[PDB]
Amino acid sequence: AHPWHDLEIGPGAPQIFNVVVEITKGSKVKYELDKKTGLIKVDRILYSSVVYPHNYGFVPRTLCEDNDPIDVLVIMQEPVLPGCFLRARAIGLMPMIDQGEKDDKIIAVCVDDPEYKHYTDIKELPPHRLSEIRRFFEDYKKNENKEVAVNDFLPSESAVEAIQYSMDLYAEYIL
């Protein structure tokens, strides 16, 4: 199964959905799905002594304006390996700009993680968590001389609307 096209989004979408992990919490390696093959590839090694703050990946059968599936950061107890998928609930949305292009990220929790599965909104999180996440995306390409502006987080309903829209775009631009 191709993890973008063949894996189902999950019956509970857009509220709950599968996430294919590309990058493990704590990693300096920026892995990405290779869209053509469905394999995981090294896009690059980060140019700063920084690491992804949480597991990170994408939602199957979604599509954004950047021609990628929608991105998700998944808060949970444990590191998850690239290429594996998990079930997640959207709890907030982080709008941002990467060199003039929209690049919004979903903030989610794993619904099968007994510690985090009961979160439904990012306002429930310790605020430092949000501060660290925002700072990561403002920092992680600085040493590539690439400009990343991050805006204020939005609530879970904004995230759910983003997911739904990306489902629609995928369904439209398929065949």
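One-based numbering along the sequence shown.
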Ranked by mean Cα B-factor in the entry, 100 to 108 and 76 to 84, top stretch is 100 to 108
Higher of the two mean Cα B-factors (26 to 34, 112 to 120; per PDB record) comes from 112 to 120
Residue set 133, 50, 40, 149, per-entry CA B-factor max assigned to 149
Split the chain's modelled residues into thirds by Cα B-factor; residue 62 lands in the middle
Here the Cα B-factor of residue 154, set against its chain, lands in the third termed highest
Of the three thirds of the chain ranked by Cα temperature factor, residue 18 occupies the lowest
Split the chain's modelled residues into thirds by Cα B-factor; residue 125 lands in the highest
